[PDB]
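Only this structure's heavy atoms are used, side chains among them; waters, hydrogens and symmetry mates stay out. Numbers here simply count residues along the sequence, with the first being 1. Just so you know, ligand 1 is whichever comes first in the structure, and atom 1 is the first atom listed for that ligand.
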Amino acid sequence: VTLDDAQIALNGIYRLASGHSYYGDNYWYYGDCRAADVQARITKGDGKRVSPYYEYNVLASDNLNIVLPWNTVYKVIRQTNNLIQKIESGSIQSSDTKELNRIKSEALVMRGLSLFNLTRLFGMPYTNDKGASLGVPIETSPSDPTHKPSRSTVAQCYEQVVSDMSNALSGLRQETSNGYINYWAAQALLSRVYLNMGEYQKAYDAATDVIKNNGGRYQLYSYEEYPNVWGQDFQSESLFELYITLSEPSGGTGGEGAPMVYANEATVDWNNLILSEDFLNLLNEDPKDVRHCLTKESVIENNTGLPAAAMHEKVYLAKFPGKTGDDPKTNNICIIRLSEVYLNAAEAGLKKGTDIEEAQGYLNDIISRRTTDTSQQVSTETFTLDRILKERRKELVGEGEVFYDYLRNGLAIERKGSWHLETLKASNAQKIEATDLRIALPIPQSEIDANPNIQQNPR
Ligand SMILES: [Zn+2]
Ligand SMILES: [Zn+2]
Ligand SMILES: [Zn+2]
Ligand SMILES: [Zn+2]
Ligand SMILES: [Zn+2]
Ligand SMILES: [Zn+2]
């Protein structure tokens, strides 16, 4: 009915996105445990946390890992469609066009982000085949529940993502907006989207808009600051971050939330994410790297809940310790931050083959703020893709993106570290090519059973 009712609906969409089965957990840690740096601690079998993703053996029947993540993101999409339609139908009793348009624009970005998230889990990487293969169903109007849609292609899905985020931009806030999507967040997310389409110039344009034009609203963390920002709400790099307390969601991000699944607990309980030897070896290539501050040994000495080779290693990631430093369930959920935007620009620049010096500068903006060893900075000769991808692994560990770094670059993922789980042998997941059929998660069996127009991903 009222403008405030519309805002409350939008707040509900953000709350759902922060919840279990969306960014609370599955969409947070998927892009880490599928790569080589963050592994399961222990195998738990089908329907349990982390391991079915990590082992590349998750089934269409998996409620925790397939049914819930699919259905939850579609619920968000449906809510965005209902809200957008309510606004457009003229049946909100408000003359405040600017605010109605802002709410609509934020809903549009959330709709696009949601479709992107589904597409990248359940579809083969766009860059394998210009998105020719199957993506997911596209909904842009309230659900026709008589209607059984079909999966659109990955490219059709990306077109809709790009449209939604782009069409949103002029209605979004220019000012900083803690907890919500503004113009800067949307352009940052577009840089991620375009990069994973191999649309390097468009990625570069979006990322550099944020870098050059944000107006001092956002700042890269200094070396001195870096250890202290983690767990603190809305720090200077954060472009879009969902607000969490123990009151909303009730219980914060809960036991299943990524922060608890990474937790370094006094009694082993919820944890199922630890750093691999691949990651520690990479970070140890530079002993002056400030990011060593985020790797911690088990607080339980002589912990028999770890693989024996990891017992005393610094395999706990401390990025999400909570607002007071000892309750991870209170940690906010940063969706995208400025370091990723600089890295996206660096990668897009190198790949497109122009603006090279500027692009190299953006890589060095990260390197120079993360180490005191000046020789780590790149020249044109040492500005290579591998060097960028190494920096991304160091910078963005735990933030849900590293998997896609391999996929969009056609790179095989190898789990070489000595404490990777033995289940990777039985599941044939020590090496995953970017063309491996198992990269595309199975469509939920609930969909297959219900809708004969929905094809399953091959195996
Ligand atoms: Zn129909
Ligand atoms: Zn099209
Ligand atoms: Zn020890
Ligand atoms: Zn120069
Ligand atoms: Zn600079
Ligand atoms: Zn040096």
Aromatic ring centroids of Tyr316 and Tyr262 under 6.0 Å?
-> no
Can the ring centres of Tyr204 and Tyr194 be said to be less than 6.0 Å apart?
-> no
Near the Zn ion (ligand 4), which protein N/O/S atoms fall under 2.8 Å?
-> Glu357 OE2
Distance col, row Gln174:CD vs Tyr183:OH, nearest 0.5 angstrom, shows 6.5 Å
Using a strict 4.0 Å threshold on nitrogen-to-oxygen distance, state whether [X] and [Y] make a salt bridge.
X: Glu99; Y: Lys104; value: no
X: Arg78; Y: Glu139; value: no
X: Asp373; Y: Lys288; value: no

Answer yes if the side chains of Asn117 and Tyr22 hold a donor-acceptor pair under 3.5 Å, and no otherwise.
->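 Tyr22 and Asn117 do have a side-chain donor-acceptor pair below 3.5 Å.
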Check whether more than 12 heavy atoms from other residues, nucleotides or ligands sit under 6.0 Å from atom CD of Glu285, and answer yes or no.
->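 Yes - once you tally the heavy atoms of other residues, nucleotides and ligands closer than 6.0 Å, there are more than 12.
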Checking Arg34 against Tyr56: charged group under 6.0 Å from the ring centre and within 45 degrees of the axis?
->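 The answer is yes; both the distance and angle limits are met.
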Polar protein atoms (N, O or S) that approach the Zn ion (ligand 2) to under 2.8 Å | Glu159 OE1
Answer whether the closest heavy-atom distance between the side chains of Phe383 and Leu350 falls below 4.5 Å.
->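 They are in side-chain contact.
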Can you name the N, O or S atom of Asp365 that is closest to the Zn ion (ligand 5)?
-> OD1
